[PDB]
Amino acid sequence: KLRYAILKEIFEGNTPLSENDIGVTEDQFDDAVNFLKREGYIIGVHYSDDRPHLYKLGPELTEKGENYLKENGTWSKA
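Converting from the sequence shown to the deposited numbering requires adding 4 to each position, the first position being numbered 1.
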């Protein structure tokens with residue numbers, strides 16, 4: 005539901021981006037990033053304190069993640 009939505013925000017946002025800023029809670033953003041990392045949609049996810057933190061350079065999209073945006077792109081967001 006929010007998986008593509010956050011991915012799209014990453015894609016054009018160029019990172020980093022906040023959770024409240026994209027429109028979700030910490031744990032929602034966290035779960036999304038972790039899930040997307042696991043399945044292989046994005047890479048460059050670095051853990052700091054405990055949770056994933058995005059920097060200004062690092063989060064890279066995979067072909068699968070990029071292709072996913074093309075299909076699930078039919079979502080009114082941004």
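Virtual Cβ for every residue (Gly too), placed ideally from N, Cα, C.
| query | Which first and last residues belong to the alpha helix (DSSP H) in which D35 is found? | reply | Here residue 35 refers to the residue found at position 31 when the sequence shown is read from its first residue. It spans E30 to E43 - the alpha helix (DSSP H) in which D35 sits, taken as one unbroken run.
| message | So, with DSSP's three-state summary, where would you put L11? | response | Locating residue 11 in the sequence shown gives position 7, where the first residue counts as 1. Helix, per DSSP.
| message | Whether or not the region 25–35 and the region 44–52 are in contact is what I'm after, with contact meaning three or more pairs of Cβ atoms, one per stretch, closer than 8 Å; do they touch? | response | Cβ pair count under 8 Å is below three, so no.
| field | Short Cβ contact (8 Å threshold) for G69 with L40 | value | Position 65 of the sequence shown holds residue 69. Position 36 of the sequence shown holds residue 40. The Cβ-Cβ distance between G69 and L40 falls below 8 Å.
| field | Cβ neighbour criterion (16 or more within 10 Å) applied to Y59 | value | Indexing the sequence shown from 1 puts residue 59 at position 55. Label assigned to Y59: exposed.
| said: For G44 and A9, I'd like the C-alpha separation in whole angstroms. | reply: Numbered from its first residue, the sequence shown carries residue 44 at position 40. Numbered from its first residue, the sequence shown carries residue 9 at position 5. Cα to Cα, the separation comes out at about 16 Å.
| field | Residues that DSSP places opposite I47 in a beta bridge | value | In the sequence shown, residue 47 corresponds to position 43, counting from 1. Beta-bridge partners of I47 (DSSP): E64.
| query | Does the Cβ-Cβ distance between residue 1 and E30 come in under 8 Å? | reply | Outside the displayed range of the chain (5 to 82) lies residue 1, so it cannot be described from this structure.
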